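Contents: one structure, followed by commentary.
There are 4 protein chains.
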Amino acid sequence: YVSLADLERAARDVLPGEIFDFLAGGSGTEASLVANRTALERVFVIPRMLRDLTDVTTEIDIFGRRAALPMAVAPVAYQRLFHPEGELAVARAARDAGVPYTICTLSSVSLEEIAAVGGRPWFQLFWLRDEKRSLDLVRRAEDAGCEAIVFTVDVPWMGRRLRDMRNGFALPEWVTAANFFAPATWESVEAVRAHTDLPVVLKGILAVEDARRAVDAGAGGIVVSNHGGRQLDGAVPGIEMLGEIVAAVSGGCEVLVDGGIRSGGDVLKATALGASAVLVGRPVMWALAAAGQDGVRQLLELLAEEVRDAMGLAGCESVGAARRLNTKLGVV
Amino acid sequence: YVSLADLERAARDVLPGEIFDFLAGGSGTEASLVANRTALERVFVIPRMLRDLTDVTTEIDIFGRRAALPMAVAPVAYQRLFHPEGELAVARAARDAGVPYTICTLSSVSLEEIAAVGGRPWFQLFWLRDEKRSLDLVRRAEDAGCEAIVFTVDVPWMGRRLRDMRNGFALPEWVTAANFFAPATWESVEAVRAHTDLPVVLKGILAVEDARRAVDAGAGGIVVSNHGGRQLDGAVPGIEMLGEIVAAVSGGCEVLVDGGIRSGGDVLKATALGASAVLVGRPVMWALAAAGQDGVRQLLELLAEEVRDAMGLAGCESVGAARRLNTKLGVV
Amino acid sequence: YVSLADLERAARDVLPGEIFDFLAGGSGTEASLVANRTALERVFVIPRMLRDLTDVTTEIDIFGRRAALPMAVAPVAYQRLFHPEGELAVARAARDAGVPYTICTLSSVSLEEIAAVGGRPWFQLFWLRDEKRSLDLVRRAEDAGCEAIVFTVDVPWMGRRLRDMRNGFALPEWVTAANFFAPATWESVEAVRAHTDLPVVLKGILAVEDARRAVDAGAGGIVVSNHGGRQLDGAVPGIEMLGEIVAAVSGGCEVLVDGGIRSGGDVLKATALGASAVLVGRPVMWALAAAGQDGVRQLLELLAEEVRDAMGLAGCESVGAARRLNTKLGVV
Amino acid sequence: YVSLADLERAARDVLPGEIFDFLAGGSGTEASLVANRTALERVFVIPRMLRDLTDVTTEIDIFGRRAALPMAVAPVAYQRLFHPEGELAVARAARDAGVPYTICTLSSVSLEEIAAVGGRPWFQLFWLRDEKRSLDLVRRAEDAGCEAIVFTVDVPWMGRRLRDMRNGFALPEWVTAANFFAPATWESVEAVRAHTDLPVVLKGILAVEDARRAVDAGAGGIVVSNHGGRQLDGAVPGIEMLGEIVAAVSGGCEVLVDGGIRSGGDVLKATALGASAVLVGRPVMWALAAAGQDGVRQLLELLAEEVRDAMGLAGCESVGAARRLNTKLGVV
Ligand SMILES: Cc1cc2cc3c(=O)[nH]c(=O)nc-3n(C[C@H](O)[C@H](O)[C@H](O)COP(=O)(O)O)c2cc1C
Ligand SMILES: Cc1cc2cc3c(=O)[nH]c(=O)nc-3n(C[C@H](O)[C@H](O)[C@H](O)COP(=O)(O)O)c2cc1C
Ligand SMILES: Cc1cc2cc3c(=O)[nH]c(=O)nc-3n(C[C@H](O)[C@H](O)[C@H](O)COP(=O)(O)O)c2cc1C
Ligand SMILES: Cc1cc2cc3c(=O)[nH]c(=O)nc-3n(C[C@H](O)[C@H](O)[C@H](O)COP(=O)(O)O)c2cc1C
Ligand SMILES: [Mg+2]
Ligand SMILES: [Mg+2]
Ligand SMILES: [Mg+2]
Ligand SMILES: [Mg+2]
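If you read the sequences in order, they're chains A, B, C and D.
Heads up: the first sequence is residues 3 to 182, 206 to 357, going by the UniProt record's numbering.
Heads up: the second sequence is residues 3 to 182, 206 to 357, going by the UniProt record's numbering.
Heads up: the third sequence is residues 3 to 182, 206 to 357, going by the UniProt record's numbering.
Heads up: the fourth sequence is residues 3 to 182, 206 to 357, going by the UniProt record's numbering.
Now the structure itself:
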């Protein structure tokens, strides 16, 4: 594999069509799914030359701990759909690569088992029927050693996935929600913040004032995201709001972005627009489907090479330097 | 049916080619027909998160009465072209869905029969040979219980529909103007306003100063519209003038928009740009052609689901909240 | 024929490939040829409603005389290439339609014969080897009753027409320059202006300061034009400079435009951007090739219908009103 | 050959696929390779008319010597890959055309042999393992009569060429680096500047502040360049930074540009945006592959004709006049 696109082709060959569609699809007409890619393709980096690259490092510190790259594995539900080892294979490869792994509320292996793999597990929360149940899930994650609560804030309910409807897609009987919903509000965020010492990261912020309010609410970070184009069809890509959001928060929390990251060059674009780090979703599942744990390992080593390559070619010895790069919008 | 596009495919299968062309076509090169879709596809919504959605409602008040959605059925002439029950089937489904139905001057069933269906009938007016005849038609509509006069202001004459010319399209002998023209002016608007207590709504406004003059003329509303790309080929899409027009009228009348609305997400875009409500034309006729009254019912229930879905995903418990959403233009 | 595109298809059927290529082609990569069309397709008109259309007229006064439309036939060389009657057929149809006809310096019938047809002949000048010969040609045109000198200013030499090179295209022996070159300068313009009482119109102006200098030089008009994309490959379309040029000349001369006018809607766009009138080139030759004089007659009657249709739909009872229309750029 | 594209077609026919791919390819997804062309295609020139063209000249003075065109042959490694005579054939044709030729550090014929051809040889430098070796290479070039040191500053290491990886491309045993690396810094630039009296030209500058720093560092010129899209995938095209860079340097050094120059019209665009001269890479190799020295001669004579044609059509008797042309961005 020399690009992430090699992995998509491999995953399409192996997966049943309806499972590939569950993974690949978005809501509605898939306008936001496509726009995530269009937006990145419009961004061009203005690289710097002739800087000291004797000690190029892709490492960052985030939520109190080092990560080997400015990247984490995005929460993706039901990973046993893609490979029999599911979440354990992905978490093992992420741990070995020094990349945080986001455990899902809807994981097909229990959060305690995934956390036992080690590494830097984060936990993604969906708000449950009642506050007590929701906070018990947060407590389980904390007790198991998860290092951040990634509270998904863009799913009052799941969006309308037309591929799944047309396929009549249902979970196989051999895939379950191994950890076992009502719309979250700012009051829910406060309940979580008051119930944990872990950083709370709000995933799915797109409006500038919601980013500001996230800081005021005590969030340790946000993920600027349209949920991979799976929620509101027509929601702006996170990458298009990122610069405005970074300016408005003015360092008050970590600002991550996701949606359509498909190369180290895309990571560089995200950092040049101001992101602290990115999440990567579908490509990790392509690698899992294609070759299990070893596939994910190969994907992460390819991304690490691409990130180092892009940073050095752009004159950046550190991720902080990459955040100071300028960009110019073009046409594609 | 999981999208409005399912209905177009069904209607193309059943309708004779020349009738499908009468419905689908625009004037000239169809530049304005295509631009109605292009314009909507360029708009992206910036959704809000974490708001109270316990009582999400898609209802609005317009022209003194509640509507179940921020939408009405646009005036489309000669509905018996598409199904034997024609206007009665559409009006029955609209009534049952709580959506206003616009009766045409060129309806293939008399306006009194359509009004007798019940619901919230509006009446669309074309200006006739002389003021007296025009005002008699307005009086008939009022006597029959129509709740608004939708005065079409963009048809001094009908545009040049090249599909119809190439097809030699003519009305079948079994379709007639069951209610049975000169260019309307501002004097005609005043004659109507002085002759009825019903709200007068000017359909086909695109220039900002025409919207302002509409308010000054006593209009209760306007429809910002290029007539579905059927009138001036090269006329700007209504959606592209909507924001400027909403600012200029500053609440002095209701501001509706039409042209290319094909999903609840498109309704959300229109409201985020400032519209009070939208009209929907061709998709209603697709549903009528595909399955008569039940087809229209299914279309309206699908649109209701899509509107509720889009509003909630965007953090809007009411249409008023949706009007306060921000947007960002993208590339497609 | 219901559109000008019908005529292109007819002309392609009848003409030898190398002659069609001589007519259709541009210089270099044909970037400016294509851009003439792209530019018009990006312009949208903001029509006005409810205005008095009792006496809609497409007539204008230009260079002292009435024209039936805001249009003239552009100078196109060697019209016998397209039909045996060549320039006489086109001039007869133009006369009958009330449209000025531009006689070429490189006409395949003598300018005196074409002028004898009557109508409103203009004469297009290429600067010749020496001032004396050039001025004799101007004097011939004036003596024959031509009403304006259209001095082509964008041909210091002919551009590089790759279709013609690849075809090895040469004039047939039966086509000659029946009136029988050095680069023109501002001194040449002054020599012409001092030698005739006819209005001098500079064809091929694109730079704002060249338009201003044209007024200062005593020109009665300019044609904002990239020569149909046949001269500098990469020259901006005239339609894209028109608004800036109209503002800079501030009524000091007539401002015409050409390049890619293919419908009455395109004429409306040009006038809304500020043009006094347009020239039309290739479509007139398509009509000539397809059906001789009667073909040109049909083209001009179609254009007249389209211009009247577009003006009325846009609320314009006169061309002056159309010049006051606003426009909005879109995407295509 | 009537366009540079004729030469690409000829080269694709003759070269082995993997060698054509080495020449044609870029890094990553080839976004920057494509953008070099997209950017030029968006630029339109505003030509001037009626200027004195009695003595049109395409000559410039650069680095102390006359050149026949505002163009030089870009450094392209291993020219024996494309033709048995390799660099000698290209240098001979460049000399005969009056165009400077850039000798590569990775040339397949020694720099002394290429310099012995005569003409105006420049020397492109890659920074070597240590300062002493690097400066010895500079000294060799100076001793051999090279007239400028083109220090490549955008290659801390070579980019990731996916075509080469997928082809498993390797140099044939019959091609070697006949002159026989560590990342260059500003200290390396200073070491070169202090070690030679020749002008030092920094190739691969894209950031405005790097252009300013180049002037402050004593560079005699810069090449605004993304290395033909072969280095950072996603780097902005040089043509898009050129105007801003020309303004910032305010005549303090020569400002060249490269990337996607494919015609004399493209040369005109580059000069109108402010470039002193362009480099041309791939097309020179197409000509070499197609027909050796005579092929390169034909390419350079075609480019000379196209440059003269474009300049005159735009009203420019000199390259300085072309730099004063204005431009307008369009859509393609
Ligand atoms: C099959 C699938 C399931 C989930 C389940 C979740 C989830 O239970 N909670 C959550 O908070 N985000 C989810 N996501 C979104 C994900 O976390 C990233 O937001 C996007 O995948 C980023 O885009 P790509 O990198 O995929 O473009 C999913 C994405 C995909 C494709
Ligand atoms: C076949 C057909 C007949 C009519 C007859 C009328 C009419 O006698 N009076 C009027 O005032 N508007 C009409 N219209 C325009 C319509 O009311 C809406 O303006 C558009 O259809 C909105 O666009 P879509 O929702 O269709 O894109 C029509 C549209 C179509 C397609
Ligand atoms: C075959 C052909 C010959 C000529 C000869 C001349 C000419 O001896 N003098 C002149 O001054 N302009 C010419 N022109 C340009 C023409 O007058 C109009 O500028 C464009 O044709 C407008 O574009 P379309 O309406 O054609 O797009 C020509 C255009 C075409 C196609
Ligand atoms: C096969 C190939 C080898 C080299 C080797 C070098 C090099 O050892 N040093 C350097 O400094 N630039 C190089 N280049 C870039 C070149 O000098 C021009 O920057 C681009 O080719 C301009 O774009 P095109 O005119 O090619 O679009 C190369 C370009 C190509 C295609
Ligand atoms: Mg991503
Ligand atoms: Mg609509
Ligand atoms: Mg024209
Ligand atoms: Mg180049």
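For every residue, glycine included, the Cβ atom is placed at its ideal position computed from N, Cα and C.
Check: C/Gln81 C-beta below 6 Å from any heavy atom of ligand 3: no
Closer than 7 Å, CB to CB, is B/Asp235 near chain C or not? When Cβ-Cβ separations below 7 Å define contact, B/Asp235 makes contact with chain C.
Taking B/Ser275 as the reference, which of B/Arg122, B/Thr56, B/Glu10, B/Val240 has the closest Cα? B/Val240
Check the Cβ-Cβ distances between D/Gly19 and every residue of chain A, and say whether any is below 7 Å. Not one chain A Cβ lies under 7 Å of D/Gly19.
Checking the sheet assignment: what are the DSSP bridge partners for B/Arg67? B/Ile64
Members of the region 245-256 of chain A near chain B, C-beta cut-off 7 Å: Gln256
Checking 7 Å against the spacing of the C-beta atoms, do D/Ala312 and D/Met73 come in under that value? no
Exposed unless 16 or more other CB atoms sit within 10 angstroms - verdict on D/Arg50: buried
Closest Cα partner of C/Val248 within the set C/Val155, C/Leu354, C/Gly259, C/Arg218: When only C-alpha atoms are compared, the closest one is C/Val155.
Kindly say whether B/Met51, judged by its beta-carbon, lies nearer than 7 Å to any beta-carbon of chain A. yes
Report the option in A/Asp166, A/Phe22, A/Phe182, A/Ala96 whose CA atom is closest to the CA atom of A/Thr31. A/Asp166
Euclidean distance between Cα positions of C/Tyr103 and C/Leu304: 10 Å
Do you know offhand how far C/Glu212's Cα is from C/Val152's? 16 Å
Who are the neighbours of C/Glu279 on chain D, taking C-beta pairs under 9 Å? Result: empty, since nearest Cβ-Cβ is about 17 Å, beyond 9 Å.
Chain C residues whose Cβ lies nearer than 7 Å to that of D/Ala339: Within chain C, the residues near D/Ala339 are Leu257.
Going by the C-beta, is C/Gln256 closer than 6 Å to any heavy atom of ligand 3? no
Give me the chain B residues within the contact set of A/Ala232, using Cβ-Cβ distance strictly less than 9 Å, ordered along the chain. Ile48, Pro49, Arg50, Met51, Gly340, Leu350, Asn351
I want to check one thing, is the minimum distance from the CB of A/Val92 to the heavy atoms of ligand 5 below 6 Å? no
Taking 7 Å as the threshold (beta carbon to beta carbon), is A/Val344 in contact with chain D? no
Since I believe C/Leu164 is in contact with D/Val78 (beta carbons under 8 Å), could you give me their beta-carbon distance rounded to a whole number of angstroms? About 27 Å separates the two Cβ atoms, so there is no contact after all.
Less than 7 Å separating the beta-carbons of A/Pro224 and A/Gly245? Yes, the Cβ-Cβ distance between A/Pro224 and A/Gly245 is below 7 Å.
DSSP three-state assignment for C/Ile270, whether helix, strand or coil: helix
Given C/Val356 as reference, the closest of C/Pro308, C/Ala41, C/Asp258 once Cα atoms are compared: C/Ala41
So B/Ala335 packs on B/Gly284, CB below 8 Å; how close in whole Å? Not quite, the Cβ-Cβ distance comes to about 18 Å (not below 8 Å), so this is no contact.
Counting only C-beta atoms, is C/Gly263 closer than 7 Å to chain B at any point? no
How many Å lie between A/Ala117 and B/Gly340 at the Cα? Approximately 33 Å, taken between the alpha carbons.
Same chain, Cβ closer than 8 Å to A/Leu52, five either side skipped, listed in chain order: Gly340
Is A/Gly290 close to chain D? Criterion is C-beta to C-beta, closer than 7 Å. yes
Between B/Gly100 and chain A, is the shortest Cβ-Cβ distance under 7 Å, so that the two count as touching? no
Can you list, in chain order, the residues of its chain whose CB lies under 8 Å from that of D/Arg238, leaving out five sequence neighbours each side? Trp211
Taking C/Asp132 as the query, report the chain D residues whose CB atoms sit under 8 Å from its CB, ordered along the chain. Here the premise fails: no neighbours, minimum Cβ distance about 14 Å.
Neighbourhood of B/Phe84 by C-beta distance below 6 Å, restricted to the same chain and skipping five residues each side: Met310, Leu313, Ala314
Smallest Cα separation from C/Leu17: which of C/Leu324, C/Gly317, C/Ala232? Here the closest residue by C-alpha is C/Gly317.
Determine the contact status of D/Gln81 and D/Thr107, defining contact as a CB-CB distance below 7 Å. no
For ligand 7, any of its heavy atoms closer than 6 Å to the Cβ of C/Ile286? Short note on C/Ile286: C-beta closer than 6 Å to some heavy atom of ligand 7.
Touch check for the region 318-335 of chain B and the region 265-282 of chain B: three-plus C-beta pairs under 8 Å? no
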